């Protein structure tokens, strides 16, 4: 298993009302920037992932433009949403 424990914690269960910082790759700095843009719960970011039809390029660019995430952060956040979706959607 190459993923972080944080990714595994997130994909193991429905997300409910978890904050955005529960997503892999979303540390406190990115999380604050997301929350002040309205993306305060993990499910709101999931929403954007889904409206972008799960496209990696579009979603990772969106995250970069919205909170300044770097390549590793956006990869981790995308992969964590992708696997959550495969498990629960």
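Numbering follows the first chain given and starts at 1.
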*So which stretch wins on mean C-alpha B-factor, 38 to 46 or 57 to 65?*
57 to 65
_Sorting by Cα B-factor within the chain, modelled residues only, which third would residue 30 end up in: lowest, middle or highest?_
middle
*Lowest, middle or highest third - CA B-factor, residue 70*: highest
*asked:* Can you tell me whether residue 1 has a C-alpha B-factor in the lowest, middle or highest third compared with the other modelled residues of the same chain?
replied: highest
